[PDB]
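The listed protein sequences correspond, in order, to chains A, B, C, D and E.
Read in order, the letters of the first sequence are residues 247 to 334, 461 to 534 in the authors' numbering.
Read in order, the letters of the second sequence are residues 2 to 125, 142 to 269 in the authors' numbering.
Note that the authors' numbering has the third sequence beginning at 231, numbered continuously upward.
Note that the authors' numbering has the fourth sequence beginning at 403, numbered continuously upward.
Read in order, the letters of the fifth sequence are residues 25 to 32, 44 to 215 in the authors' numbering.
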Amino acid sequence: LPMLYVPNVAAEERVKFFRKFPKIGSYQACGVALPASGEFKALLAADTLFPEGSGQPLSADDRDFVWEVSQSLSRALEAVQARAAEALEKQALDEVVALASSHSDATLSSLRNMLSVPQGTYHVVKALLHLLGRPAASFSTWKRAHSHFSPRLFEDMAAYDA
Amino acid sequence: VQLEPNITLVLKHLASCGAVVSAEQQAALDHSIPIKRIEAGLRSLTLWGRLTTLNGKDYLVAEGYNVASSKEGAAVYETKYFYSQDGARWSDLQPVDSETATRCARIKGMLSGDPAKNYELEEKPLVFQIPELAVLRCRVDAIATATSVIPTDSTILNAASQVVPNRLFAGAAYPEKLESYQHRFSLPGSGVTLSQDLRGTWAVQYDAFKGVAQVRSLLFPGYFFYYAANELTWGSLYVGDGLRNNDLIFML
Amino acid sequence: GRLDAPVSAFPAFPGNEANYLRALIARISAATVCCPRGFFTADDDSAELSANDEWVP
Amino acid sequence: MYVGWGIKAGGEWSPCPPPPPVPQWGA
Amino acid sequence: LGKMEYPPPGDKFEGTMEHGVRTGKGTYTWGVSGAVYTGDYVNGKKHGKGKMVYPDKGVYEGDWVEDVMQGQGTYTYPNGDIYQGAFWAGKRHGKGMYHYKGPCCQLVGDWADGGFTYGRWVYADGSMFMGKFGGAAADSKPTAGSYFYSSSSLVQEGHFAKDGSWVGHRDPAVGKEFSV
């Protein structure tokens, strides 16, 4: 269902709150799908749970606006995915570091434009961050690993003794 | 285009809404209305409504007038009211002062049905005695200034600046919308309709196949208005004890 | 007029308009349905109301 | 027979107040 | 770290002690009823952030200042109602919000000594009342303010009478749901 609307969250059991404290209002979800393939990739949602925003239901104008934004985002996401898929002893470590700094920008873009998770490369990125000494929990999920992907990574991989 | 509401059509269309009269009273009205209309010199006289009482002798109320004129931006009808308890003999329902209007507004409950009774109120302890017919006349005045519904653009202004039937009226374009109806005391062409009233005080049910719209007052439950669009007739009636519904915000 | 409209959020009514109408029915049917006096005979072993065959209208 | 709105009359109705907030354990 | 027990079921402390006196994380379990406490201590007094399970299953999680519920916290009552906000002297005090479980209504705003005094009261559908409430003297009953009903979108200002009859200052109008 590319769109769900619960005009009163109190009437639904299955709805779940993130602060674990029941609230009052309406909720809307729009499953972002790729037009060329018909697969869902994202989910854009809005709500009016009381203390933050007035607990009233959503008018049809705002629901339609959310739908339109979901569709425009589906278009832009398809386009960006198309472009990204198109774009595809110390001496030893020094050579490795130079070779990595060569494709620094290429790998950076290829990672920062990957919404899904590559199972193979993700293990290696985890291991690299652990070796460089990261908190080991600020990258435990692919969405959190995105915070590390930056030119500072290869810089610190270069500036590393032993 | 009708020239005056017909009591037969009113009682026929508003019977589903429970606005009915006894059979004897129906016959008695059929005889008594013309007599009183002639002997009072009035151009129009119709059955306004029926107020229930505690002893079973409900008050029938009739309203008549001669001509309506535009004064100070309002279509003023110099109306005169009569009451009856059998449908055969009409007595006058005399106006009430402004000071007594407040006191009778404070009196609630179903009327007694005894025109000689008078209620008591206490103030700073000065006691007032208010006759029952005073209470009746004020309830009628309140209900009248609240509803008095006619279709929009069914009246028109003439050269002498008087409000007369618009004999070229073609009908309401959208009979299921509150814009098609207005208060009687709104001047023609003033653009003030029932949609300018407090939102939620009117209900409209429109049978689009037969062409009969029913407008019910929710502020004064008991006031019904009907509009038949294929024959271009309309008319209203009040039936009930005459008290306003103050809990409306909790009931919608 | 719609048998599935919401009745009210507070006080929490447990049902839709159909249940509220059933409740109004159950109250009115007990408060207002009447027969002429002496038309029936009340049994004390039950609540069954049998009509006396001798009741002058 | 009944014909009406289903509204009991008598003027004995007023808005319902909130339920009483539960008091603590040690009273 | 002495798990100093108290035979009378009997108490069971399981935590740390600096030469007798308690300080740090610990789990003290009364034996008369079953009320347990897991949290910090100071001089043996429950102090800091600490969860408590009372005899009647009323759970608490939040701050304590010398064995009494103080500061920010969250309480789950035995019926199901929830409170989140400021406690003071072991009661509701300051700012907070209370959620009933049955009606699914909520109260939000200023409390005073276990009772609700000012703010908003919203229903499950979005309708609300805003203004001065009764308090602990009363039973959190509304006293003076405005009603907004969502289904009709109507707004009426007024107050209550000694009997509980709503007395409107004026007729209703069309308005919005008090986002003040």
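Quick reminder that beta carbons are idealized off the backbone N, C-alpha and C, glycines included.
**Prompt:** How about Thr250 (chain B) and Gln3 (chain B): do their beta carbons lie closer than 8 angstroms?
**Reply:** yes
**Prompt:** Per DSSP, what kind of secondary structure is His54 (chain E) in: helix, strand or coil?
**Reply:** coil
**Asked** Near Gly85 (chain E), which residues of its chain fall below 7 angstroms by C-beta distance, leaving aside the five closest residues on each side in sequence?
**Response** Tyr72, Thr73, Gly74, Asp75 and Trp99
**Asked** If you measure from the beta carbon of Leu189 (chain E) to each beta carbon in chain D, is any gap under 8 angstroms?
**Response** no
**Member of B:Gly259, B:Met268 and B:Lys37 whose CA lies at the smallest distance from the CA of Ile108 (chain B)** = B:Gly259
**Entirely enclosed beta strand (DSSP E) segments - the segment 174-215 of chain B, minimum 3 residues** = 179-182 and 198-200
**Prompt:** How about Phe240 (chain C): is its C-beta nearer than 8 angstroms to some C-beta of chain E?
**Reply:** yes
**Request:** Would you check if there are 3 or more beta carbon pairs closer than 8 angstroms linking the segment 100-117 of chain B to the segment 147-154 of chain B?
**Result:** yes
**Asked** In chain B, what lies closer than 7 angstroms to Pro417 (chain D) by C-beta?
**Response** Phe267
**Prompt:** Under three-state DSSP, which class holds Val255 (chain A)?
**Reply:** helix
**Message:** My output table needs one value for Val469 (chain A): the three-state DSSP class, helix, strand or coil.
**Reply:** helix
**Request:** Identify the continuous alpha helix (DSSP H) that holds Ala29 (chain B) and give its terminal residues.
**Result:** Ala24 to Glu40
**Item:** First and last residue of the uninterrupted beta strand (DSSP E) at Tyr273 (chain A)
**Value:** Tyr273 to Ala279
**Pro31 (chain E) burial status per 10 Å Cβ neighbour count (16 or more: buried)** = exposed
**Prompt:** Using a Cβ-Cβ distance under 8 angstroms, would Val157 (chain E) count as near chain B?
**Reply:** no
**Cutoff 8 angstroms: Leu233 (chain C) Cβ touching any chain D Cβ** = no
**Item:** Nearest-angstrom beta carbon gap, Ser512 (chain A) and residue 346 (chain A) [assumed within contact, 8 angstroms]
**Value:** Here chain A breaks off after 334 and picks up again at 461, leaving residue 346 (chain A) without coordinates.
**Prompt:** For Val77 (chain B), which residues from the same chain have a beta carbon less than 8 angstroms from its beta carbon, with the 5 sequence-adjacent residues on both sides left out?
**Reply:** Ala69, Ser70, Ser71 and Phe202
**Asked** Who are the neighbours of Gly137 (chain E) on chain C, taking C-beta pairs under 9 angstroms?
**Response** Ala242
**Request:** Using the DSSP secondary-structure output, state which residues sit across from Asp98 (chain E) in a beta bridge.
**Result:** E:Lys84
**Request:** Give me whichever residues DSSP pairs with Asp93 (chain B) in a beta bridge.
**Result:** B:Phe83
**Message:** Taking the straight line between their C-alpha atoms, what separation do you get for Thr109 (chain E) and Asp214 (chain B)?
**Reply:** 47 angstroms
**Item:** Start-end ranges of the alpha helix (DSSP H) lying completely within the segment 479-515 of chain A, minimum 4 residues
**Value:** 491-503
**Item:** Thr109 (chain E) - partner residues in DSSP beta bridges
**Value:** E:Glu96 and E:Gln119
**Asked** Roughly how many angstroms separate the alpha carbons of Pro177 (chain E) and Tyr250 (chain C), rounded to a whole number?
**Response** 27 angstroms
**Item:** Helix, strand or coil at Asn56 (chain B) [DSSP, three-state]
**Value:** coil
**Other residues of its chain near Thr101 (chain B): CB distance less than 7 angstroms, five sequence neighbours each side excluded** = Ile147 and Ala151
**Request:** Enumerate in chain order the residues of its own chain whose CB-to-CB distance from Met104 (chain E) is below 6 angstroms, with the five nearest sequence positions on each side excluded.
**Result:** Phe122 and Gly125
**Span separating the alpha-carbon of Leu153 (chain B) from that of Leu112 (chain B)** = 8 angstroms
**Request:** In angstroms with no decimal places, state the Cα-to-Cα distance between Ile255 (chain C) and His82 (chain E).
**Result:** 59 angstroms
**Request:** Would you list, in chain order, the members of the segment 213-229 of chain B that have their beta-carbon closer than 7 angstroms to a beta-carbon of chain E?
**Result:** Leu215, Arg216 and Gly217
**Prompt:** Thinking just about the alpha-carbon of each residue, which of C:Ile258, C:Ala277 and C:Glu284 is nearest to the one in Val405 (chain D)?
**Reply:** C:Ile258
**Message:** Measuring straight from C-alpha to C-alpha, what distance separates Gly97 (chain E) and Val315 (chain A)?
**Reply:** 41 angstroms
**Request:** Would you mind telling me which residues of chain D sit closer than 9 angstroms to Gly19 (chain B), beta carbon to beta carbon, in chain order?
**Result:** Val405 and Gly406
**Message:** When you compare the CB of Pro238 (chain B) with every CB in chain D, is at least one pair closer than 8 angstroms?
**Reply:** yes
**Prompt:** Skipping 5 residues on each side, what residues in its chain have a beta carbon closer than 6 angstroms to that of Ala189 (chain B)?
**Reply:** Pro168 and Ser197
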